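Peer 1: Below is the structure I would like to discuss, written out as C-alpha cells.
Number of protein chains: 4
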Amino acid sequence: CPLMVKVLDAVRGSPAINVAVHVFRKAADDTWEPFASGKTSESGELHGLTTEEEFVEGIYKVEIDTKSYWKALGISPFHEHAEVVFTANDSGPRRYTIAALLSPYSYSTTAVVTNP
Amino acid sequence: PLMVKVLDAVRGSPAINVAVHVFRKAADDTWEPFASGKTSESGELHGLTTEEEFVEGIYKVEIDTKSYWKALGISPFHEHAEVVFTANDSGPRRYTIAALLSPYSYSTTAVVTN
Amino acid sequence: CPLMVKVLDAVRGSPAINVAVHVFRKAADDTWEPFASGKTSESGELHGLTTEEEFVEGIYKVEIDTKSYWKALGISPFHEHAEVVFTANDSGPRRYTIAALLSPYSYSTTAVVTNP
Amino acid sequence: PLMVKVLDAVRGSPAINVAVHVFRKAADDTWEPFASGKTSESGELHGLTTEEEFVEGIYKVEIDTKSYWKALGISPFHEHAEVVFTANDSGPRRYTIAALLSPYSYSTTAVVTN
Ligand SMILES: Cc1n[nH]c(C)c1CCCOc1ccccc1F
Ligand SMILES: Cc1n[nH]c(C)c1CCCOc1ccccc1F
Numbered sequence: 010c011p012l013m014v015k016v017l018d019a020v021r022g023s024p025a026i027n028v029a030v031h032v033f034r035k036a037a038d039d040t041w042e043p044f045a046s047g048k049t050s051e052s053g054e055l056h057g058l059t060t061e062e063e064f065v066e067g068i069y070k071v072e073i074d075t076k077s078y079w080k081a082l083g084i085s086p087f088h089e090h091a092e093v094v095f096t097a098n099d100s101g102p103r104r105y106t107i108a109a110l111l112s113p114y115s116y117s118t119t120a121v122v123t124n125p
Numbered sequence: 011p012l013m014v015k016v017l018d019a020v021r022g023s024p025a026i027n028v029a030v031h032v033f034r035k036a037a038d039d040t041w042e043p044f045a046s047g048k049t050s051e052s053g054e055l056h057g058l059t060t061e062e063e064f065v066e067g068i069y070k071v072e073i074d075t076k077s078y079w080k081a082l083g084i085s086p087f088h089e090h091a092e093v094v095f096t097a098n099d100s101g102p103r104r105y106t107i108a109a110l111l112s113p114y115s116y117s118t119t120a121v122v123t124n
Numbered sequence: 010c011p012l013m014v015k016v017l018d019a020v021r022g023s024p025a026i027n028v029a030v031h032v033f034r035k036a037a038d039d040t041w042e043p044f045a046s047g048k049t050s051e052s053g054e055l056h057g058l059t060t061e062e063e064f065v066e067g068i069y070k071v072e073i074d075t076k077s078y079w080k081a082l083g084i085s086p087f088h089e090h091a092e093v094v095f096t097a098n099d100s101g102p103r104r105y106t107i108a109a110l111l112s113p114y115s116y117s118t119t120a121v122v123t124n125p
Numbered sequence: 011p012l013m014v015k016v017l018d019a020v021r022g023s024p025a026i027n028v029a030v031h032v033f034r035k036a037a038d039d040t041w042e043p044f045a046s047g048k049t050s051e052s053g054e055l056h057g058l059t060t061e062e063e064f065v066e067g068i069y070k071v072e073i074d075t076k077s078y079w080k081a082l083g084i085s086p087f088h089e090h091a092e093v094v095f096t097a098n099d100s101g102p103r104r105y106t107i108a109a110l111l112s113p114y115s116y117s118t119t120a121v122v123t124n
C-alpha cells in the first residue's frame, strides 16, 4: 500500500488498537483538504488509505487521534493528537510507513520510505 | 509558564537557531499567532508568554525542523514538528515542551511542574 | 517466533539492515550466558533466534550492536550498543518483539508482548 | 562533566528518586563501580564525577527503571535502562545523558557540549 500507519502503546506493550487516523492534503489554496481516514486494526496497523493513482505529489498531514485513544481507555493525556506532516512523492512514487509510539505525555514518530 | 527545548539526535547537541511558532486556537477553530522565537545556543526558547496571557485553551507549538536540517545540508522527512495540547489550570503551572530531532523521526514530551 | 527484533534507522528513514544482535540469558550464578545471535535482514528484522522450548523463563539481554552498524556505514556514533534487559516468560510463554529506532546520538526502544 | 536527567512519559514529570549507577569498564572487561546516586526532585543527578576522575574510557549508566515503576504501582517491562558509551577527549567536555521512561519503552539521548 503506498501509505501505511502503525501505532504502538508504550504503557501496555501492545499495538494501539482502534486509533482514528485522518489524512489531509494541502490544496492549491493552502487549506487542508480531507484525503482519507480510518482506524488501526488489532495489530495497530492501518492499510488501505489510498491508491498509487490517488496518492499524487503533495504535502500530506497524518493526524493520529491520540487523545480520543487515551480517553476511550479512560485516561487523560497531554496532547490533542499527533500530527505528521511531510512532502510525498515529489521524486516519483514511494511507499510510506508512518509509525508512532504513544505514551500519555509523550510520543515518537518515524517514517520508513521505500522505492518500489 | 511555557518553555521549549529542542535537541539534535544526529550531532548530540542542542538544536540552535530553530524557529518556533506558537498558536492559540480561536473560537472559530482557526489558529491564531500567539508567540514565536528562535532557540538559543542551549536549544531553549524562553520568554514566549506570561502567566497573565497564558490562559486555558488549545495551543500548537510548531518547530521548523525542515529549515534546521536544510541549513545543515541534510534532507529531512517532515515539514515541521507540531505539538498540540490543552493548557489546564488544575494541572501544574509550568510547561516544558521538549523535542528530539532526527532527519526522519522526532520524539516529543511534556514536563508539567509546579 | 517467540522472540523477534526490529531495527529502524532514523537518519535514512529505512530499516536498519545487517545489524548484529546478541542475546544473553542470566545464569544461576549471575553471569550472562550466550543465548542466541543473528543479524537483521533487508527489512530490519531478525527472526529465528529461539524456539518456544528453548525460550524458558529468565532474565534476557538483547544487545543491539549499534556502534558496529553506524561505523560499517562510516559514521562515528555515541553509544557502544543498545541493551534491552527484561524478564521473559514468567507467567507462561509469551511472544516478544523488541523494536529499536536508531540515531547516531540517541535511540528508542519498545516491546510488544503478546499471549499466543 | 557528567549529568543524568530522567523524565516520566506517563505522568509528564521528572522521574524523582530513581537510582542511577555508573560503571567504568576495566582492563579485564568487567564493569567496575564508578559513581551513583538518586535523581533529585528535578529528575537530575549531578555531582557524579569530576574532570580529574572522568578520563577517557567506556562507561555504563544503569538507571533502575523497574524500581521506579514498581513504587508507582505499575508493572514495567525492563529490568533497567542501560546507556553505554565512550568518553572521548577530542569531543566536547560536558556530557548529559537523558532518558525518557514509559512502562514498556524508553528513549535516551546524549547532549555533548563545550
Ligand atoms: C530522552 C528523550 N527522548 N525524547 C525526548 C523528548 C527526550 C528528552 C530530551 C532530553 O532532555 C533534555 C532536557 C534538558 C537538557 C538535556 C536533555 F537531554
Ligand atoms: C522503537 C520506536 N520508537 N519510536 C518509534 C516510532 C519506534 C518504532 C516503532 C515500530 O516498531 C515496531 C514495528 C513493528 C512491530 C513492532 C514494533 F515495535
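These protein sequences, in sequence, are chains A, B, A' and B'. A prime marks a further copy of an entry chain.
Straight run, no breaks: the first sequence in the entry's author numbering ends on number 125.
Straight run, no breaks: the second sequence in the entry's author numbering ends on number 124.
Straight run, no breaks: the third sequence in the entry's author numbering ends on number 125.
Straight run, no breaks: the fourth sequence in the entry's author numbering ends on number 124.
Here a beta-carbon is modelled for each residue, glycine too, at the ideal position from N, C-alpha and C.
#1: For the region 20-35 of chain A', which residues have a beta carbon sitting closer than 8 Å to at least one beta carbon of chain A?
#2: List in chain order: all unbroken alpha helix (DSSP H) runs of 4+ residues lying wholly within the region 32-118 of chain A.
#3: I'd like to check one pair, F64 of chain A' with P11 of chain A': are the Cβ atoms closer than 8 Å?
#4: List, in order along the chain, the chain A residues whose C-beta lies closer than 9 Å to that of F87 of chain B'?
#5: Would the region 63-79 of chain B and the region 100-120 of chain B be scored as touching if the rule is three or more Cβ pairs under 8 Å?
#6: When you measure from the CB of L110 of chain B to every non-hydrogen atom of ligand 4, does any distance come out below 7 Å?
#7: For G47 of chain A, which of A:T123, A:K35 and A:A29 has the nearest alpha-carbon?
#8: Closer than 9 Å between beta carbons: that is the criterion. Which residues of the region 53-64 of chain A' meet it against chain B'?
#9: How many angstroms separate the CA atom of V14 of chain B from the CA atom of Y105 of chain B?
#10: Compare the C-beta of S100 of chain A against all C-beta atoms of chain B and say whether one is closer than 8 Å.
#11: Would you verify that the beta carbon of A45 of chain A' is, or is not, closer than 8 Å to some beta carbon of chain B'?
#12: Do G22 of chain B' and residue 156 of chain A have their beta-carbon atoms positioned less than 8 Å apart in this structure?
#13: Run the CB neighbour count on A81 of chain A, radius 10 Å, all protein chains shown included, and call it buried at 16 or more, exposed below.
#14: What are the residues that DSSP puts in a beta bridge with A120 of chain A'?
#15: Please report the straight-line C-alpha distance between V32 of chain A and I26 of chain A', rounded to a whole angstrom.
#16: For the beta strand (DSSP E) that contains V28 of chain B, what are its first and last residues?
#17: Which term fits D18 of chain A, buried or exposed, when burial requires 16 or more other beta carbons within 10 angstroms of its beta carbon?
#18: Residue 126 of chain A: beta carbon under 7 Å from a heavy atom of ligand 2?
#19: Could you tell me whether any non-hydrogen atom of ligand 1 is closer than 7 Å to the CB of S117 of chain B'?
#20: Output yes if chain B' places a C-beta closer than 8 Å to the C-beta of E42 of chain A'; else output no.
Peer 2: This is what the structure gives:
#1: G22, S23 and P24
#2: 75-81
#3: yes
#4: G22
#5: yes
#6: As far as ligands go, the structure on display features ligand 1 and ligand 2 and does not contain ligand 4.
#7: A:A29
#8: none
#9: 8 Å
#10: no
#11: no
#12: Not covered by the structure: residue 156 of chain A. The range shown for chain A is 10 to 125.
#13: exposed
#14: A':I107
#15: 30 Å
#16: Neither: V28 of chain B is in no beta strand (DSSP E) and is coded neither H nor E.
#17: buried
#18: This structure does not reach residue 126 of chain A, given that chain A is present from 10 up to 125, and the question cannot be answered.
#19: yes
#20: no
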